[PDB]
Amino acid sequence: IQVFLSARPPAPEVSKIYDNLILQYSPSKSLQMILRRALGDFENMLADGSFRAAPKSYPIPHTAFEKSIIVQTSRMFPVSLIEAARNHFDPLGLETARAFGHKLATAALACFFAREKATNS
C-alpha cells in the first residue's frame, strides 16, 4: 500500500551528504533524494525486525539561519512490512496515518545518518 511520509531536514553537520546536496539542490529535493535511498535500506530492515534496534530521530536546526521545513512524500510498501512497522511505531494502534508516516520517515533517515557517521561518510 501507499504510505504517506514526512520529515524535517537535519541540522548542519548531522549529514555530510545532506550538507553537500543543499549546495546544489533545495532542502526539499535534497531530503527527498536521501529518503528514497533511506526508505529502500529501511524496507530490508523491516523484513527481519532489525529496524527496532535503529536510531529513532536526529538533530534538527534551531538557528535564525534556518526556517521551518517539513518535506512531504509517499511511497509503496508491501503490507507485511508496514504491519511490522506499525506494530513497533504504533504499538497501541492509536497513531494517525500522518503521525505514523512521520515516525517511519524520521527513523529511516536517522538510520541513514547514523550509517554515514559510522562509516566516516
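Numbers for residues come from their place in the sequence shown, where the first is 1.
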{"query": "Stretch with the greater mean C-alpha B-factor as recorded in the entry, comparing 65 to 73 against 90 to 98", "finding": "65 to 73"}
{"query": "Stretch with the greater mean C-alpha B-factor as recorded in the entry, comparing 75 to 83 against 37 to 45", "finding": "75 to 83"}
{"query": "Modelled-residue ranking by C-alpha temperature factor, third containing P27", "finding": "lowest"}
{"query": "CA B-factor placement of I1, once the chain's modelled residues are sorted into thirds", "finding": "highest"}
